[PDB]
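Accompanying notes for the structure given below.
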Amino acid sequence: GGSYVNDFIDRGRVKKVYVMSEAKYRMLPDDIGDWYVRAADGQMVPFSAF
Amino acid sequence: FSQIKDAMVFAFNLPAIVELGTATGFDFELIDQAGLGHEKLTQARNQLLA
């Protein structure tokens, strides 16, 4: 969905900073499982796993 | 007060009229219409004053 983090200046004007996945990784349902979250232990776990 | 070293000290009688009491003179404004920046805006100011 995207995320407005904070601001940065562009040629003098305050503007926004957005962080979001590159399109190809957010087009299809199955692509949801391709994202990993770090676990306390330190290993990566896929959405498919929860 | 023109005496006082390295400082601007002016005594003036209130406009004793309205918002055009200091009369004459002129209030000019130098604008940065591109993302020039402060440094360049300053230089443009000097060039104009010169």
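In the structure tokens, chains take letters A, B, ... by order of appearance, with residues numbered from 1 within each chain and ligands from 1 in the order shown.
For chain A, a DSSP pass over the backbone yields strand (DSSP E or B) at residues 3, 4, 5, 6, 7, 8, 9, 10, 13, 14, 15, 16, 17, 18, 19, 36, 37, 38, 44, 45 and 46 of chain A.
Residues from chain B found within 12 Å of chain A are residues 32, 33, 34, 35, 36, 37, 38, 39 and 41 of chain B, counting only C-alpha atoms.
Using only C-alpha atoms, the residues found no farther than 12 Å from segment 41-47 of chain A, other than those of its own chain fewer than 6 positions away, are residues 29, 30, 31, 32, 33, 34 and 35 of chain A.
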With N, CA and C atoms retained, write the just-selected residues as a PDB file, in the first residue's frame.
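again08.pdb, written as the output of this step:
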ATOM      1  N   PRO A  29      -1.613 -12.058  -6.040  1.00  0.00           N
ATOM      2  CA  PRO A  29      -1.909 -12.696  -4.749  1.00  0.00           C
ATOM      3  C   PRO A  29      -0.783 -13.598  -4.228  1.00  0.00           C
ATOM      4  N   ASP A  30      -0.272 -14.469  -5.090  1.00  0.00           N
ATOM      5  CA  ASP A  30       0.791 -15.375  -4.699  1.00  0.00           C
ATOM      6  C   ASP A  30       2.036 -14.621  -4.285  1.00  0.00           C
ATOM      7  N   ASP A  31       2.180 -13.397  -4.779  1.00  0.00           N
ATOM      8  CA  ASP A  31       3.347 -12.580  -4.462  1.00  0.00           C
ATOM      9  C   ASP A  31       3.395 -12.169  -2.994  1.00  0.00           C
ATOM     10  N   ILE A  32       2.304 -12.416  -2.275  1.00  0.00           N
ATOM     11  CA  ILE A  32       2.238 -12.072  -0.861  1.00  0.00           C
ATOM     12  C   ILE A  32       3.211 -12.916  -0.060  1.00  0.00           C
ATOM     13  N   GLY A  33       3.365 -14.167  -0.474  1.00  0.00           N
ATOM     14  CA  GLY A  33       4.262 -15.071   0.217  1.00  0.00           C
ATOM     15  C   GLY A  33       5.732 -14.785   0.001  1.00  0.00           C
ATOM     16  N   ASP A  34       6.052 -13.986  -1.013  1.00  0.00           N
ATOM     17  CA  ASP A  34       7.442 -13.655  -1.310  1.00  0.00           C
ATOM     18  C   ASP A  34       8.057 -12.667  -0.323  1.00  0.00           C
ATOM     19  N   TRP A  35       7.239 -12.107   0.565  1.00  0.00           N
ATOM     20  CA  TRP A  35       7.754 -11.158   1.544  1.00  0.00           C
ATOM     21  C   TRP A  35       8.096 -11.842   2.856  1.00  0.00           C
TER      22      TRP A  35
END
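Relative to atom CA of residue 8 of chain A, atom CA of residue 31 of chain B is found at 22.1 Å.
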If you count only C-alpha atoms, which residues fall within 7 Å of segment 19-25 of chain A, apart from same-chain ones fewer than 2 positions away, as a PyMOL selection string?
chain A and resi 2-4+17+27+31
Taking N, CA and C atoms for each residue, export the selection above as a compact mmCIF listing (two decimals), in the first residue's frame.
# COMPACT_ATOMS: atom_id res chain seq x y z
N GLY A 2 2.10 1.17 0.29
CA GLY A 2 2.94 2.36 0.32
C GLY A 2 2.98 2.95 1.72
N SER A 3 3.98 3.81 1.96
CA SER A 3 4.13 4.41 3.27
C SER A 3 4.91 5.72 3.29
N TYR A 4 4.25 6.78 3.74
CA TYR A 4 4.86 8.10 3.86
C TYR A 4 5.71 8.08 5.13
N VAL A 17 8.63 11.50 1.28
CA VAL A 17 9.48 10.33 1.07
C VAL A 17 8.59 9.10 1.21
N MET A 27 1.80 -7.27 -7.67
CA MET A 27 0.76 -7.36 -8.69
C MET A 27 -0.16 -8.56 -8.47
N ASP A 31 2.18 -13.40 -4.78
CA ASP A 31 3.35 -12.58 -4.46
C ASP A 31 3.39 -12.17 -2.99
Filtered DSSP result for chain B, state alpha helix (DSSP H), as a ChimeraX atom specification
/B:38-49
Selected residues written out with C-alpha atoms, as a PDB file, in the first residue's frame:
ATOM      1  CA  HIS B  38      19.943  30.975  -0.537  1.00  0.00           C
ATOM      2  CA  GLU B  39      23.569  31.344  -1.672  1.00  0.00           C
ATOM      3  CA  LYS B  40      22.612  32.260  -5.219  1.00  0.00           C
ATOM      4  CA  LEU B  41      19.733  34.421  -4.037  1.00  0.00           C
ATOM      5  CA  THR B  42      22.212  36.326  -1.876  1.00  0.00           C
ATOM      6  CA  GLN B  43      24.565  36.865  -4.817  1.00  0.00           C
ATOM      7  CA  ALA B  44      21.681  38.101  -6.946  1.00  0.00           C
ATOM      8  CA  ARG B  45      20.890  40.520  -4.097  1.00  0.00           C
ATOM      9  CA  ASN B  46      24.459  41.848  -4.055  1.00  0.00           C
ATOM     10  CA  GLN B  47      24.483  42.266  -7.813  1.00  0.00           C
ATOM     11  CA  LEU B  48      21.268  44.296  -7.609  1.00  0.00           C
ATOM     12  CA  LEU B  49      22.517  46.429  -4.725  1.00  0.00           C
TER      13      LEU B  49
END
